[PDB]
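Student: Please see the structure below; I have some questions.
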Amino acid sequence: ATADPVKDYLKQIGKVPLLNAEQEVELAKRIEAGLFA
DNA sequence: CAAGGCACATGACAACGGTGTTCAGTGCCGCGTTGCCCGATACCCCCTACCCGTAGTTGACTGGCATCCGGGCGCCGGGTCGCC
């Protein structure tokens with residue numbers, strides 16, 4: 001919580017795992033699995 | 001000389017004269033009110049032209065922005081970490 005809220009938003013993005021090909025195709029596979037569920 | 005007879009006029013008698021008034025009827029000219037006739041005007045319809053909202057567009061493309069000082073000036077007031 002500081003001034004210039006865009007900076008705090010950027011930190012809120014933080015460090016998250018960027019997705020390579022197989023990672024995201026598996027994610028979409030389980031996405032459609034949950035959709036069918 | 002007195003009584004009885006005839007003329008003219010006379011107390012009323014209605015009805016004309018002429019003119020003024022009566023109900024009434026109907027108009028005769030003045031003032032105001034009325035049905036027409038149209039004409040325009042609001043108000044339904046149909047047609048399409050155009051404004052405005054929604055939904056797609058697949059090489060890849062993964063963290064920015066320029067701040068800010070030459071007030072100036074002082075106080076309040078609170079926070080804030082050293083201090084022993």
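Labels for the structure tokens follow display order: chains A, B, ..., residues from 1 in each chain, ligands from 1.
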List every residue of chain B that has an atom at most 12 Å from any atom of chain A, and for each one report the closest atom pair and its distance in Å to one decimal, counting only C-alpha atoms (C1' of nucleotides), with rows sorted by chain and then by increasing residue number, as a tab-separated table.
Tutor:
```
residue	atom	partner	partner_atom	distance
B:62	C1'	A:18	CA	8.5
B:63	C1'	A:10	CA	7.0
B:64	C1'	A:6	CA	9.1
B:65	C1'	A:6	CA	9.7
B:67	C1'	A:4	CA	11.5
```
Student: Only N, CA and C atoms (P, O5', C5', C4', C3', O3' and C1' of nucleotides), please: the residues just picked out, written as a PDB file, in the first residue's frame.
Tutor:
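The resulting file, out_20.pdb, is reproduced below:
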```
ATOM      1  P    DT B  62       6.630 -10.888 -25.304  1.00  0.00           P
ATOM      2  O5'  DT B  62       5.408 -10.493 -24.364  1.00  0.00           O
ATOM      3  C5'  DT B  62       5.270  -9.165 -23.915  1.00  0.00           C
ATOM      4  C4'  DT B  62       5.310  -9.104 -22.404  1.00  0.00           C
ATOM      5  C3'  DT B  62       6.643  -9.506 -21.779  1.00  0.00           C
ATOM      6  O3'  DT B  62       7.045  -8.555 -20.779  1.00  0.00           O
ATOM      7  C1'  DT B  62       4.886 -10.994 -21.043  1.00  0.00           C
ATOM      8  P    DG B  63       6.224  -8.388 -19.406  1.00  0.00           P
ATOM      9  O5'  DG B  63       6.735  -6.990 -18.832  1.00  0.00           O
ATOM     10  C5'  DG B  63       6.490  -5.802 -19.566  1.00  0.00           C
ATOM     11  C4'  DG B  63       6.782  -4.571 -18.730  1.00  0.00           C
ATOM     12  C3'  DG B  63       8.242  -4.417 -18.323  1.00  0.00           C
ATOM     13  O3'  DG B  63       8.725  -3.108 -18.686  1.00  0.00           O
ATOM     14  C1'  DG B  63       6.817  -4.661 -16.360  1.00  0.00           C
ATOM     15  P    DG B  64       8.247  -1.795 -17.891  1.00  0.00           P
ATOM     16  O5'  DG B  64       8.205  -0.647 -19.002  1.00  0.00           O
ATOM     17  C5'  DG B  64       7.065  -0.511 -19.843  1.00  0.00           C
ATOM     18  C4'  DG B  64       6.331   0.793 -19.566  1.00  0.00           C
ATOM     19  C3'  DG B  64       7.217   2.021 -19.455  1.00  0.00           C
ATOM     20  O3'  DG B  64       6.518   3.168 -19.939  1.00  0.00           O
ATOM     21  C1'  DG B  64       6.110   1.722 -17.416  1.00  0.00           C
ATOM     22  P    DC B  65       7.235   4.253 -20.881  1.00  0.00           P
ATOM     23  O5'  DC B  65       6.984   5.635 -20.117  1.00  0.00           O
ATOM     24  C5'  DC B  65       5.663   6.008 -19.712  1.00  0.00           C
ATOM     25  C4'  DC B  65       5.686   6.877 -18.458  1.00  0.00           C
ATOM     26  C3'  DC B  65       7.035   7.476 -18.100  1.00  0.00           C
ATOM     27  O3'  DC B  65       7.256   8.704 -18.790  1.00  0.00           O
ATOM     28  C1'  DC B  65       5.928   6.615 -16.136  1.00  0.00           C
ATOM     29  P    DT B  67       8.235  14.463 -15.888  1.00  0.00           P
ATOM     30  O5'  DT B  67       9.175  15.439 -15.026  1.00  0.00           O
ATOM     31  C5'  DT B  67       9.962  14.944 -13.933  1.00  0.00           C
ATOM     32  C4'  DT B  67       9.076  14.385 -12.826  1.00  0.00           C
ATOM     33  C3'  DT B  67       9.482  14.763 -11.400  1.00  0.00           C
ATOM     34  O3'  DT B  67       8.340  15.136 -10.645  1.00  0.00           O
ATOM     35  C1'  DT B  67       9.444  12.394 -11.621  1.00  0.00           C
TER      36       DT B  67
END
```
Student: Run DSSP on the backbone and grab whatever in chain A lands in helix (DSSP H, G or I); send it over as JSON, numbers by chain.
Tutor: {"A": [5, 6, 7, 8, 9, 10, 11, 12, 13, 21, 22, 23, 24, 25, 26, 27, 28, 29, 30, 31, 32, 33, 34, 35, 36]}
Student: Can you measure atom CA of residue A:20 to atom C1' of residue B:61 for me? One decimal in Å is fine.
Tutor: 15.5 Å
